[PDB]
Amino acid sequence: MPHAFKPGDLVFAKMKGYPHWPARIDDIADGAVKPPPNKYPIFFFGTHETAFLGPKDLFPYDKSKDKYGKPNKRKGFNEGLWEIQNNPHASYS
């Protein structure tokens, strides 16, 4: 049975105006800015952008990859697909 999201979890994350996007739940570094209440820091593969999202916009990667894990024209998407499949827990700084 599902637990709550934790850092390291792999997801497709949904933002308005963008397709469901390969992403992970990030850690917050010591001394780094904390997310709002009820939000997680999402790192987006490919773009390497960070946004703060709640669970309504987070789809677990394994369940969802057959639906959302196809190439897309958008900038950074295909790079993002390689990262989440090939090295999802790497430093992308």
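Looking at the PDB entry, one finds the chain named Hepatoma-derived growth factor-related protein 2 and attributed to Homo sapiens.

Below, the discussion takes up the UniProt feature "domain: PWWP" in the chain. Here the UniProt feature "domain: PWWP" sits at residues 7–64. This span, residues 7–64, is 7% helix and 36% strand, and a straight line between its end C-alpha atoms measures 18 Å.

The next thing to look at is the pattern of salt bridges. Summed over the entire model, instances satisfying the criterion amount to four salt bridges. Across the pair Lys-6 and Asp-9 runs a salt bridge, and its minimum N-O distance is 2.9 Å. The buried category is assigned to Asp-9, whose relative accessible area is 17%. Here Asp-57 and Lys-56 are joined by a salt bridge, their closest N and O atoms 2.6 Å apart. For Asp-57, a relative accessible area of 15% gives the class buried.

With respect to the helices and strands, the residue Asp-9 is situated in the segment before strand 1 (10–13). Separated by 2.9 Å, the side chains of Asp-9 and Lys-6 make a polar contact. Other than its neighbours up to four places away in sequence, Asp-9 contacts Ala-4, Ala-23, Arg-24 and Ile-25.

Further remarks concern the nonpolar core. One finds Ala-13, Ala-23, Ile-42, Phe-44, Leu-53 and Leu-58 to be the most contacted residues of the largest nonpolar core, which totals 20 residues. When residues of this core are traced back to their parent elements, those giving at least two are strand 1, strand 2 (21–25), strand 3 (40–44), strand 4 (50–53), helix 1 (61–68) and helix 2 (77–86). Excluding anything up to four places from it in sequence, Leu-58 contacts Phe-5, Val-11, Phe-12, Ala-13, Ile-25, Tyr-40, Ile-42 and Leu-53.

What counts as what
- Residues numbered from 1 in each chain as written, not as in the entry; some residues may be left out.
- Heavy atoms only, no water.
- Residues with missing side-chain atoms left out of burial classes, pairs and counts.
- UniProt positions renumbered as here; feature names shortened; annotations may be inferred.
- Helix = DSSP H or I, 4+ residues; strand = E, 2+ residues; numbered from the N terminus.
- Salt bridge = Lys/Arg side-chain N within 4 Å of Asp/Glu carboxyl O.
- Buried < 20%, exposed > 50% of the residue type's maximum accessible area, 1.4 Å probe, protein only.
- Polar contact = N/O pair within 3.5 Å; in protein donor to acceptor, adjacent residues only side chain to side chain.
- Contact = heavy atoms within 4.5 Å.
- Core = buried A, V, L, I, M, F, W, Y, C linked by side-chain atoms within 4.5 Å.

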